Each structure stands twice: as C-alpha cells, then as structure tokens.
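Scroll down for the structure; my scribbles are underneath it.
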Amino acid sequence: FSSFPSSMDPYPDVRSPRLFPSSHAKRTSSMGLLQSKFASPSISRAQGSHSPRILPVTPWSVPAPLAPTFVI
Amino acid sequence: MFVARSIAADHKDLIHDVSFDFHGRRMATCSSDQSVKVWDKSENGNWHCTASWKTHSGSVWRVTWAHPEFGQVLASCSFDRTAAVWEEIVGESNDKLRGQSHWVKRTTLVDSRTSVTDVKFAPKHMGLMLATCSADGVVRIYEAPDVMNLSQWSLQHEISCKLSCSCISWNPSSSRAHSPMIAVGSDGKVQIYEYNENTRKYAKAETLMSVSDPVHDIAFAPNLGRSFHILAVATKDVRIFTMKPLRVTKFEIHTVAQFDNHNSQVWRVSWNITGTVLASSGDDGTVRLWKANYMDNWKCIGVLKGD
Amino acid sequence: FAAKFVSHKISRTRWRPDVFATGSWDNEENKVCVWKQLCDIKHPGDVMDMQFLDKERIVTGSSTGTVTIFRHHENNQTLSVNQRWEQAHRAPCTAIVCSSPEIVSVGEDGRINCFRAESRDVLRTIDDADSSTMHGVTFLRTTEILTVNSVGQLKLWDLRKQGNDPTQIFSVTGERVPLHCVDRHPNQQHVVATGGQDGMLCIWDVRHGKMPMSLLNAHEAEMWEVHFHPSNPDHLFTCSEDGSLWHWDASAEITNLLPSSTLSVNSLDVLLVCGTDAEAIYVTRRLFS
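The listed protein sequences correspond, in order, to chains A, B and C. Positions 695 to 766 (our numbering) are the ones given, in order, by the first sequence. Positions 61 to 367 (our numbering) are the ones given, in order, by the second sequence. Positions 4 to 292 (our numbering) are the ones given, in order, by the third sequence.
Here it is in structure tokens:
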C-alpha cells in the first residue's frame, strides 16, 4: 500500500515547480534520494567539506522543521 | 585443431581483473596501463583480442559484463574515481559486410569522491543496475530506468560502510523466487546488506563473522535448486557461509567450512555457473577446485599449480 | 532398414549422383563423409547448400554465407578445391535448390546471389533485403523463382529479367508458419504444395487459381521434409519436427510406419533420407521395400 500512498501524495499537484512542494511531500516524513542529489548539486553550484558536514547535520535531524533547516 | 596455451594479455602494467561474458566465449581484462582489452574466443580455439582502448586516466581495477539481453555492455572501475559504461558497436550497411566495431562510452559516473575498488552489474531480472564501492566507503547503486537510454544512469542509492579494502558481490538468484541482497567485504569486520519491502533502501540484515586478514575477495554462489544461499570469501583463509532466511528479523548464517591449505593469502574466489564448484587461488600459486559433500561440507576435488 | 548410427548428429545426406555421402553440423570439424565409407572429409564452415555437382564435382554453401566447392575424385580419393566465396547471405542460405546453369538458392535475409557454373564471378544478385527468414526456394520455370520468407511468404519472383521486385505472391489466409516445406511437382513444373507446420498439408495450384487447394493437419510438430520417389510422384511420406515419417501413401495410407521414435532427420534425396527441424542422427538403406 506504500506505492498507493506515494501515488496519492503525488496526486495533490500543489504547484509547478517547487522545492516547497518537495517539502510538502516530505510531510509524510519520507524523502526520495533524488531530492538529496539535487540538493547536493545545488550546494556544489572548503565547499565540499561544508557539504560533507552539512549533509551529516541533515542526517542527524529527521524531525519536522529540521529537514527544512537542513535543506536551507 | 585446438590448443590451450599461455597467451600475452598485451598489457604493459599489471592485470587487476579478468571477467568472462555470459556465454563464456568473451573475456574482458583491465590493468593498471589504463586500458581494457576484450578477447574473442575464435571457433578455431585460440583467444584473440577483439579490441583494446584507453578507458581511464588512472589504473583500472575492476570490470564486469552486463546481461546479454540489455546488449554488449562492459562497466569499468578506476582509481580516477570514475566508473564508465561502454557499449560495443558494430555497423553493417543493409548489405553484406560494412560493419565496424569499436569501444564507446555510454556514460561516466563522477559521483564517487574517491578511488573505486569494485563495480558489479546486478542480476538481469532487476534491470540494468550496478553497484560500486570506493575509498569513500560509500556503496552506490546506479540504475538505467529506461533500458532504451543506455546513457540515462540514475543514482538509485547510497549507503555508508567503513574505510580500506573493498569487494562487492550481488545475489545472482533470479527474482520472483528470491529477494535482492548484496555482500560487501572491506578490510576487520564486514557487514553485508539486503533490500527492504517498500522503504526501497538497503538494510543490514546480518554480518559474516570470523573473517581473518584483509578481505581480498568475496563471491555469492548461484542458488540453483537450493533454498539456502552460499557466499565464499577469500580472506588469507577460505571461508564458506550458508545464509538461510526464515520467518521482525529474517536472517541466519552458518559457517560451512574454513580452508587454509593455501598457507597464505587467498586472492581470488570464484564460483561455477551452476554454483556446484568453488575455486580458490593464492600465494602458493595453486588453484583449488571444491565440491560440496552430501553432508554439505566442502572437499577439495583437485589442485592446479603454476610457476 | 539398417540404421548405421555413426555418432554424429547428422545435418545432411543424399542419394548418389547404395551410393551416397553425408554431411553434418555440430562439431569442431564440420563433418561430411562419403559413403562402407569412401571420403570422410573435414572442413571448417557449415553445410547449407549441398549438391554433388558431378561424380567428382561437389558444391556446398556454408553458414557465413560461405560457399565451398570441391571435386570428389573417388578414384584417387582426392577433392579438388573447386570454389570459395566469403559472404553470400553473414547468414546461411535457408534452402537450396538447383537452376539451369545456376543454383536456385535463397537465404534468410534474402541475398539471392547467383553463383553459377564457372561463375566464380558472382554476377547476378537480387539483393532484396528479405526481412523474414526466406527458407523457401526453388526453380519453377528457370529462372522463375519464388522467395518464401518465414511468414511462409511465398512471393513468386524472377531472376531472368531484372529489377528486384517479385513477380507474384502465394500466401495462406493467415500467415501462421515460417518457411520449411514446399513441393514442386515432378509431374509438372507448375504444380506445388505447401508443406507446413501443423503437419500442414496445403496445395498450391499455380495454373488453376491460387487458393489453398489443401488445408490438412496430420503430423505433430513443424514441417520437417519428405521423400518423394524420384520417379513415382505419388508415393511419398510425411514427417514432423521430431522426425516421425508417416507413410503418407499418396501413391495409392499414413501410419506410424517409419523406423521412428527418434530425434530429427538430415536431408532429402531418395532413389534415402529426409530432414527434420533439428537435423539429427538416423539412417536407412532399403528404400524400395
């Protein structure tokens, strides 16, 4: 039923195109890796070290309002 | 007429890996000379090299062949921190002849921040999928989500390990019958991995204990006609582990056998196509073939030597 | 019926131009012997086209579009290496028949390439890129031809005029089978019959319309081959792809009357053997009884 739930989540179609809608998706508390890769690419766009430490920090917190902060 | 004789690889520097295709007719080699050679076993029995090209900037540790349904694809692995996918190309004009074959790059995987030890294609049922493990100690899985786009390689997953040696080996079990899982042997404690239901993430089901020395090699055996699974490690000792799922947790290991008759490092461990025979090689310069007993103990059938 | 099994999953054998020879795939040395055995020769490259072009001369088309010819001087037991060709079809020819001054050949991709007698120069070529495997081939009124693709696609073509189009087309309503069997009558150079995959008995009237003059399924698997009598047109017998020749007594019956219950059969000429789908090992020696 997880796939069905994912489909339902994708069914909302809140707006095009948003990382804020990506956060609306993380509302379920489950985040796809692709998003993480995109975030890493954005970070890339000492910096590498920060990403390594920033990514670790994001990993440390999975709680609501933490992922948003980690993403920021 | 047929003869098996020693043949020169044509590699200036040392040869890290040799791999057979699906048929067993073709061989791929890689070395520290930065070149990949592909051999054709002619119908006249002599191996002749099909092609050799400069794949990478730095030494090429590992190579592998994908399933022949996808096409002629070889993946390579280097100290340059890249993996490359290559597709064999033959062109023939809608007329007899006119076909030309040369190595080509489908894609590059830059994501590994450090020198990569190994690369392996997953089983054919899964799709184009491969795993790689590096000095960053991060196992990465890449998929081609479109079979048609051989350049479209997405990064499916990333997991953390430890730091030093590395080897990978997928479960070759056909899926429908079994679930995907993969053993990683680095350096020393080594922990394998399985795949979760719809988390779609790799979990650590269990670990292979009793490992001695650095883990030179690991391979999973084809589970054809057997419920249980077998993995052999060439440490500086040979070990065989039996995995059984049963049914939270759903894994068990037993250690089938240990074998030190090499008296030294076991560099390579390889399995038969059926999983019937295991092989081991080491610093004694001896290659041992193994059979399973009725008791499920392993016995050495015989030993090849060389000097 | 004597079955001198000689341990080679034989691809071909034919009546002497008692007298005979044989040819086989499925080994390192491509296997072909004469005859109690005359000239058991090895060669590299398969046997797709097979016609002993004299008591000496003997031609053979091989798997890579290759075509080997030699001359079996049985007196000195020596074979003069008559002719060689690299890329005919590189698939093999998927049938072989004879034409006046040339072989009525065809191949799977359809490279209708005409080697002819002393035409080491391959002059003529209808290089129509036949998509399905053309395995139906004969001279009808040479050079009246008909390429039959593996949609059973009996398109009547030409080679004496030019242009790569086919002259006509014979087909069943559905196009179910791939090409294995046809039947050009010795009674008439126009009369034919499509032997197909269901033990499928079809008959092709050229001169009288072109409908399915027959549709009758008797044998189990796909169309193997037959042995007509080389002067008795009516007497023949029909198999299917396991090899089981039912005594399709059109001289007058058909039953379980072969030396049957084996694997497949090799090639057809009888005055004696036939050919099934998997081309396997069998023998016979009493072909008038």
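A virtual CB, placed ideally from N, CA and C, is assigned to each residue, including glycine.
Against chain B, does residue i count as a neighbour if the rule is that its beta carbon must be under 8 Å from one of theirs?
i, result
"residue 3 of chain C", "As shown, chain C starts at 4 and ends at 292. That puts residue 3 of chain C outside it, with no answer to give."
"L713 of chain A", "no"
"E31 of chain C", "yes"
"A221 of chain C", "no"
"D130 of chain C", "yes"
"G110 of chain C", "no"
"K731 of chain A", "yes"
"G26 of chain C", "no"
"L749 of chain A", "no"
"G64 of chain C", "no"
"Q54 of chain C", "no"
"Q90 of chain C", "yes"
"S736 of chain A", "no"
"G68 of chain C", "yes"
"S745 of chain A", "no"
"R114 of chain C", "yes"
"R93 of chain C", "yes"
"residue 648 of chain A", "It is not possible to answer for residue 648 of chain A, since the shown part of chain A is limited to 695 through 766."
List the residues that DSSP assigns as beta-bridge partners of residue i.
i, result
"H75 of chain C", "C:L82"
"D124 of chain C", "According to DSSP, which records beta bridges pairwise, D124 of chain C is partnered with nothing at all."
"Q318 of chain B", "B:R299"
"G26 of chain C", "C:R15, C:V35"
"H289 of chain B", "B:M303"
"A6 of chain C", "Paired residues: none, contrary to the question."
"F181 of chain B", "B:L190"
"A339 of chain B", "B:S330, B:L349"
"residue 417 of chain B", "Beyond the ends of chain B as shown, which are 61 and 367, falls residue 417 of chain B; an answer cannot be given."
"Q54 of chain C", "C:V62"
"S229 of chain B", "B:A243"
"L364 of chain B", "B:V347"
Apart from the five residues on each side of it in sequence, which residues of its chain come closer than 6 Å, Cβ to Cβ, to residue i?
i, result
"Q160 of chain B", "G151"
"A221 of chain C", "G202"
"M189 of chain B", "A182, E203"
"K12 of chain C", "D29, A283, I284"
"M702 of chain A", "none"
"residue 370 of chain B", "An answer regarding residue 370 of chain B cannot be provided, because it is not within the stretch 61 to 367 covered by chain B."
"residue 320 of chain C", "This structure cannot speak to residue 320 of chain C, because chain C is shown only from 4 to 292."
"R210 of chain C", "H193"
"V62 of chain C", "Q54, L56, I72"
For residue i, which residues in the same chain have their Cβ closer than 7 Å to its Cβ, ignoring the five residues on either side in sequence?
i, result
"residue 2 of chain C", "A question about residue 2 of chain C goes unanswered here, because the residues of chain C that appear run from 4 up to 292."
"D73 of chain B", "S91, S92, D93"
"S716 of chain A", "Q729"
Just to confirm my understanding: we take residue i, look at its own chain, exclude 5 residues before and 5 after, and list those with CB closer than 8 Å. What are they?
i, result
"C242 of chain C", "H222, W227, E228, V229, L248, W249, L261, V268, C277, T279"
"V96 of chain B", "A88, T89, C90, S112, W113, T115, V120, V123, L134, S136, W146, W163"
"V273 of chain C", "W18, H230, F231, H232, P233, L290"
"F82 of chain B", "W125, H127, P128"
"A69 of chain B", "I75, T89, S91, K97"
"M214 of chain C", "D208"
Can you find a C-beta in chain C that's less than 8 Å from the C-beta of residue i?
i, result
"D100 of chain B", "no"
"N154 of chain B", "yes"
"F62 of chain B", "yes"
"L157 of chain B", "yes"
For chain A, check one thing: does any of its Cβ atoms lie closer than 8 Å to the Cβ of residue i?
i, result
"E203 of chain B", "no"
"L74 of chain B", "no"
"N357 of chain B", "no"
"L215 of chain B", "yes"
"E254 of chain B", "no"
"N258 of chain B", "yes"
"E266 of chain B", "no"
"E218 of chain B", "yes"
Three or more C-beta pairs closer than 8 Å, one from the region 88-105 of chain C and one from the region 65-77 of chain C: is that the case here? A contact exists between the region 88-105 of chain C and the region 65-77 of chain C.
Every unbroken alpha helix (DSSP H) within the region 237-280 of chain B, with a cutoff of 4 residues, ordered by chain: Counting only runs of at least 4 residues, the region 237-280 of chain B fully encloses no alpha helix (DSSP H) element at all.
When you compare the region 220-240 of chain B with the region 195-203 of chain B, are there three or more beta-carbon pairs, one atom per stretch, that lie closer than 8 Å? Proximity of the region 220-240 of chain B to the region 195-203 of chain B meets the contact definition, three or more beta-carbon pairs being nearer than 8 Å.
Runs of 3 residues minimum, wholly inside the region 205-282 of chain C: which ones carry the beta strand (DSSP E) assignment? Those beta strand (DSSP E) runs which fall completely within the region 205-282 of chain C and span 3+ residues are 269-272, 276-278.
Segment contact, 8 Å Cβ cut-off, at least three pairs: the region 152-163 of chain C with the region 67-84 of chain C: For the pair of segments examined, the region 152-163 of chain C was found not to touch the region 67-84 of chain C: the number of CB pairs separated by less than 8 Å stays below three.
Tell me whether the region 239-254 of chain B and the region 707-726 of chain A touch, counting them as touching only if at least three CB pairs, one residue from each stretch, are closer than 8 Å. They do not touch, by the three-pair rule.
What ranges does the beta strand (DSSP E) occupy inside the region 194-221 of chain B, keeping only unbroken runs of at least 3 residues that lie completely in it? Whole beta strand (DSSP E) segments, 3+ residues: 198-203, 214-220.
Between the region 208-219 of chain B and the region 732-740 of chain A, do three or more beta carbon pairs fall short of 8 Å? No: fewer than three Cβ pairs fall under 8 Å.
Quick check on the DSSP output: what are the complete beta strand (DSSP E) runs of length 3 or more inside the region 135-169 of chain B, in order along the chain? With a minimum length of 3 residues, the continuous beta strand (DSSP E) runs that stay inside the region 135-169 of chain B are 143-147, 165-169.
Please determine if the region 274-289 of chain B and the region 740-751 of chain A are in contact, where contact requires at least 3 C-beta pairs separated by less than 8 Å. The region 274-289 of chain B vs the region 740-751 of chain A: no contact.
For the structure I just gave you, are there three or more beta carbon pairs, one from the region 108-117 of chain C and one from the region 128-143 of chain C, closer than 8 Å? Here the region 108-117 of chain C makes contact with the region 128-143 of chain C; the two share three or more CB pairs at distances below 8 Å.
Taking contact to mean at least 3 C-beta pairs separated by less than 8 Å, is the region 256-266 of chain B in contact with the region 204-212 of chain B? Too few Cβ pairs lie closer than 8 Å, so no.
Tell me the start and end of each unbroken beta strand (DSSP E) in the region 139-215 of chain C that is at least 3 residues and wholly inside, in chain order. Fully enclosed beta strand (DSSP E) runs of 3 or longer: 147-152, 156-161, 171-173.
Are there three or more Cβ pairs, one per stretch, closer than 8 Å when the region 301-312 of chain B is compared with the region 327-341 of chain B? Contact between the region 301-312 of chain B and the region 327-341 of chain B is absent: fewer than three C-beta pairs spanning the two stretches fall below 8 Å.
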